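Engineer: The structure's right below; bear with me while I get my questions together.
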Amino acid sequence: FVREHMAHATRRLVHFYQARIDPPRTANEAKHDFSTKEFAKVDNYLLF
Amino acid sequence: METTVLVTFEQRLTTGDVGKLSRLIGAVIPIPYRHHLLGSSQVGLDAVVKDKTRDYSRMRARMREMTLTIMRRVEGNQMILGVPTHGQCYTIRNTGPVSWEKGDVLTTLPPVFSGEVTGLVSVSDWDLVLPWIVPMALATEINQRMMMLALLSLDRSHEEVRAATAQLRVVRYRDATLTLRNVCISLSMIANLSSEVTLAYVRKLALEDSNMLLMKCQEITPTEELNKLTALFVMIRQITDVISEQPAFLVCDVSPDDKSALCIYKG
Amino acid sequence: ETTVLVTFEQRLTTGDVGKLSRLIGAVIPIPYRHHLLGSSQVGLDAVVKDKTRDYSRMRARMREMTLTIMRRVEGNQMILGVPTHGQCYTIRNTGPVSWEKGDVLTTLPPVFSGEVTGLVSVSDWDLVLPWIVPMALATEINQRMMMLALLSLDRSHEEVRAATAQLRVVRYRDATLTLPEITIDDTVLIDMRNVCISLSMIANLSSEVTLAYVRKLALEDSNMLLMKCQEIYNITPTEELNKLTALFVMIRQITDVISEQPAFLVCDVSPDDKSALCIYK
Amino acid sequence: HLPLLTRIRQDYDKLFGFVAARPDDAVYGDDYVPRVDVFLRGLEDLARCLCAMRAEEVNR
Amino acid sequence: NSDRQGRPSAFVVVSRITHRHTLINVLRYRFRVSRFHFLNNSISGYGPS
Amino acid sequence: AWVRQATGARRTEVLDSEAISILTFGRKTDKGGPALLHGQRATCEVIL
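Protein chains in written order, with the working numbering: chain A, -8 to 39; chain B, 3 to 269; chain C, 134 to 414; chain D, -17 to 42; chain E, 133 to 181; chain F, 59 to 106.
As structure tokens, then:
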């Protein structure tokens, strides 16, 4: 969502890494770790 | 039909005294123990109301042992009694100071001589002093007033604490006003010892909290450690023996003039 | 249903049925409450031979049993009338306590001083009956299970065993029974919490008159209860009414923790002290 | 800071009584600043579930 | 919570359980939300109970 | 949290007050799941 009001992300970049927080990997980086057999099972909470 | 207890009049009941017993046809009778023959000296509660050092709760510990029984008919030299079958309806007679109302749970209590000292058809020191079949919520109330007067009984020397007692024996219920020791030792052993012994047990249990309630519970020699908890729990047993008033009736409907009420018998 | 005809279903003996013929009026629990049951269910023994086998799980189990009264023992038919709430029933003694006429009886799982053959270990199955104790021995034997579970909280590994043996020989009326080598189990632990919470709230509600009552009494009186308990103002009575009442909510609950179900209330006791007329399931 | 630590530790105990029913440490750690940054959001997620507070209160 | 009794909640509960404290233990499952508030007014009001 | 998310999402429906009861009386915790075209099914496990 956030546009961040882009001024210079050359310097704005590690200003995020100053805080040591990461956002949760949000439904595709959490989808790649499912494999072919793993995806079709009931374990996949991302079937929706 | 039902159970029968005959009472042999050891004292001569005059026909006018029979005229008062033939008015108490519905009334309850405290019997000391279930047996088919009993004396008139056995029947009634006067053998409980009698000691220089006898306390309200100790009488209540005796009356809790006494079997409740119901008057059936007075035939001259005999009184016929019925030990009430649990669950049946019984016309008991409102000889307490409280008017009964339709649906109320009735509890037996020893009669208190505080402003309402009463006797009966007495001859040769035996009357038939009759227990107050009182509503259950007032029965717990009367108990609590007696203990709080006794907890404040040691501090008579303050008039303000005496003025706290002066409000305290005023007991007021529907259409009725009436005036009203180891048990209070038993109250104080629980009050002091639970203040001290729980602190080493709250801080150990408060880590794991399934109902999520130990969290604000913290906001609230092993031989001598157990000796506290033994004489903690046994005093809790002693007070609960004289708190749980073992409810005795359930008035379904009340006969007019409030003399009687059909009461389905419970407990 | 009330009358419960019972299949024996095992290979009983003449010496079996002679014992129950004199035991007519004993207390047998049944789980299913049919008119026709078998002796696999009839009887209490079939659950006291479990593998964990502590008092914590046997006591909480058999409060789902339904008690019956032994009747009409001839041959292979057991009439078990399910008692109704509030009629007078006589009960033959199953455990050596004299029951002391006028008091409430309860249900004790099993003697658990060893494994008693309740009738005879027929085909490696005996029919063991509950103890029916007069609620003082019931509350005390349930007290000490939590006494010695509170003990094992703050002891290392031996002052438990040096103080359980202090407290396990329960010298009651006619009986010196034994605590069953107290196993710390979670049914105690969920309720040992609420006891420790109930002890906490009484400390909150103790409004400095209920507190200082013994400590003011020792200055004036010299009583046996007063001296053994030495080692062991405000004009707001209406608020003291509500605090004492809320204190009475707790002590009617924390007693109810270690107390049991009220059951057979003694009408009369025989001079034999074996058959006891009792009311009030 | 002992006073601040004592008052967070009291209140860190007290909120989870409410949360489990639904009606960190070294206050000096470098890592403590993202510990606050998560735990501000840990409270923002709990203030979101209980969205109902004075202006001067926000000024104090 | 606030109003000296709460909003006194009533229940018709059926259960196979006969015994007393094993029945209030299945209420000790249900009523923690009220039970944790029961502990709250024990310290939210001193003198009033 | 991670294991029961990795498989077997269901932790408890009962208290610890009733967790001993499922050890005492074997209670039928999992229902008939609605996905039932074959019928009754079994399994067990021995590590080799």
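All C-beta atoms in this analysis are idealised placements derived from N, C-alpha and C, irrespective of residue type, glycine included.
Using only alpha-carbon positions, find the residue among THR250/C, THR217/C, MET383/C and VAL255/C that is nearest to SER246/B.
Structural biologist: Considering only alpha carbons, the answer is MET383/C.
Engineer: Tell me the residue span of the alpha helix (DSSP H) that contains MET191/B.
Structural biologist: Looking at the DSSP string, the run of the alpha helix (DSSP H) that includes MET191/B is 184 to 199.
Engineer: Strictly below 8 Å CB to CB, what residues from chain D border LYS206/B?
Structural biologist: Result: empty, since nearest Cβ-Cβ is about 15 Å, beyond 8 Å.
Engineer: Establish whether the CB of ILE78/F and some CB of chain C are separated by less than 9 Å.
Structural biologist: So yes, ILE78/F belongs to the interface.
Engineer: Measuring CA to CA, which of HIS218/C, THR316/C, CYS329/C and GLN363/C is closest to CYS411/C?
Structural biologist: The residue with the shortest Cα to Cα distance from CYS411/C is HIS218/C.
Engineer: Report yes if the C-beta distance between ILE265/C and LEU310/C is below 9 Å; otherwise report no.
Structural biologist: Against a cut-off of 9 Å, the Cβ pair of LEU310/C and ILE265/C comes out as no contact.
Engineer: Would the segment 321 to 335 of chain C and the segment 145 to 161 of chain B be scored as touching if the rule is three or more Cβ pairs under 8 Å?
Structural biologist: No contact exists between the segment 321 to 335 of chain C and the segment 145 to 161 of chain B.
Engineer: If you draw a straight line from the C-alpha of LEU241/C to the C-alpha of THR199/C, how long is it?
Structural biologist: If I take the Cα positions, the gap works out to 14 Å.
Engineer: Between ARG205/B and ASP259/B, what straight-line distance do the alpha-carbon atoms span, to the nearest angstrom?
Structural biologist: The alpha-carbon atoms of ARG205/B and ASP259/B are separated by roughly 60 Å.
Engineer: Per the contact definition of three or more C-beta pairs closer than 8 Å, is the segment 224 to 233 of chain C in contact with the segment 147 to 160 of chain C?
Structural biologist: Yes: the two stretches touch, three or more of their Cβ pairs being nearer than 8 Å.
Engineer: Can you give me the C-alpha to C-alpha distance between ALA282/C and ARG301/C, rounded to a whole angstrom?
Structural biologist: Going from the Cα of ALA282/C to the Cα of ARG301/C covers about 13 Å.
Engineer: Can you check whether the C-beta of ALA282/C is within less than 9 Å of a C-beta belonging to chain F?
Structural biologist: Closer than 9 Å: no.
Engineer: Could you work out which residues of chain C lie near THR82/F, taking near to mean beta carbons separated by less than 8 Å?
Structural biologist: Within chain C, the residues near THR82/F are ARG190, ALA193 and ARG194.
Engineer: Excluding the five sequence neighbours on either side, which residues of its own chain have a C-beta within less than 8 Å of the C-beta of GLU(-5)/A, listed in chain order?
Structural biologist: Once the five neighbours on either side are set aside, the close Cβ partners of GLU(-5)/A are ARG3.
Engineer: Would you identify the three-state DSSP class for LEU213/C, choosing helix, strand or coil?
Structural biologist: Strand.
Engineer: Could you tell me the boundaries of the beta strand (DSSP E) in which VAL125/B lies?
Structural biologist: Premise fails: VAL125/B is in no beta strand (DSSP E) and is neither H nor E.
Engineer: Kindly give me the distance between the Cβ atoms of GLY(-1)/D and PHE163/E, rounded to whole angstroms, as I take these residues to be in contact under 8 Å.
Structural biologist: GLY(-1)/D to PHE163/E, Cβ: 15 Å. No contact.
Engineer: What do you reckon, are the CB atoms on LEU177/C and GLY235/C nearer than 9 Å?
Structural biologist: Contact: no.
Engineer: By a C-beta neighbour count over all protein chains shown, 10 Å radius and 16 as the cutoff for buried, is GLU76/F buried or exposed?
Structural biologist: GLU76/F should be labelled buried.
Engineer: Measure the beta-carbon distance from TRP128/B to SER212/B and round it to whole angstroms, keeping in mind my assumption that it falls under 8 Å.
Structural biologist: Not a contact, Cβ separation roughly 59 Å.
Engineer: Output yes if chain E places a C-beta closer than 9 Å to the C-beta of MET217/B; else output no.
Structural biologist: Interface residue, yes.
Engineer: Counting only beta-carbon atoms, is residue 258/E nearer than 9 Å to chain F?
Structural biologist: Absent from the model: residue 258/E. The displayed extent of chain E is 133 to 181, so no value can be given.
Engineer: Can you list, in chain order, the residues of the segment -8 to 21 of chain D whose Cβ is nearer than 8 Å to any Cβ on chain B?
Structural biologist: Within the segment -8 to 21 of chain D, the residues whose Cβ lies closer than 8 Å to some Cβ of chain B are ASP(-5), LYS(-4), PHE(-2), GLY(-1), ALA2 and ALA3, listed in chain order.
Engineer: For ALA308/C, list the residues DSSP reports as bridge partners.
Structural biologist: Answer is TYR305/C.
Engineer: Would you say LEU358/C and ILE187/B are within 9 Å of each other, going by their C-beta atoms?
Structural biologist: Result yes, Cβ atoms of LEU358/C and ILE187/B sit closer than 9 Å.
Engineer: Taking only beta-carbon atoms, is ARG148/E less than 9 Å away from chain F?
Structural biologist: Output row for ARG148/E: interface = no.
Engineer: For the beta strand (DSSP E) holding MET73/B, just list the boundary residues, first then last.
Structural biologist: Note, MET73/B: beta strand (DSSP E), 69 to 77.
Engineer: Between the C-alpha atoms of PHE381/C and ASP401/C, what's the straight-line distance to the nearest angstrom?
Structural biologist: Roughly 32 Å between the two C-alpha positions.
Engineer: Just mark residue 272/B as buried or exposed, buried being the case when its beta carbon has 16 or more other beta carbons within 10 Å.
Structural biologist: It is not possible to answer for residue 272/B, since the shown part of chain B is limited to 3 through 269.
Engineer: Could you pull out every residue in the same chain whose Cβ sits closer than 8 Å to the Cβ of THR239/C, ignoring the five residues on either side in sequence?
Structural biologist: If we look at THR239/C and ignore the five residues flanking it on each side, its Cβ neighbours are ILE265, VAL266, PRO267, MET268, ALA271, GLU393, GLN394, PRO395 and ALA396.
Engineer: Step through the CB atoms of chain F and report whether any lies within less than 9 Å of the CB of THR185/C.
Structural biologist: Chain F, which has a Cβ nearer than 9 Å to the Cβ of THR185/C, makes this yes.
Engineer: Here's the rule I'm using: 16 or more other beta-carbon atoms within 10 Å means buried, otherwise exposed. How should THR17/A be labelled?
Structural biologist: By the 10 Å Cβ count, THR17/A comes out exposed.
Engineer: Just to confirm the assignment, what range does the alpha helix (DSSP H) spanning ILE156/E have?
Structural biologist: From DSSP, the alpha helix (DSSP H) with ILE156/E extends over 153 to 162.
Engineer: Taking 6 Å as the limit between beta carbons, can you name the residues of its chain near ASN35/A, skipping five residues before and five after?
Structural biologist: Only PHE25 meet the Cβ criterion.
Engineer: Anyone know if the C-beta pair for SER190/B and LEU332/C falls short of 9 Å?
Structural biologist: Cβ atoms of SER190/B and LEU332/C: not closer than 9 Å.
Engineer: Look at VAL255/C and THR146/C and say whether their C-beta atoms are less than 9 Å apart.
Structural biologist: In contact: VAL255/C and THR146/C (Cβ atoms closer than 9 Å).
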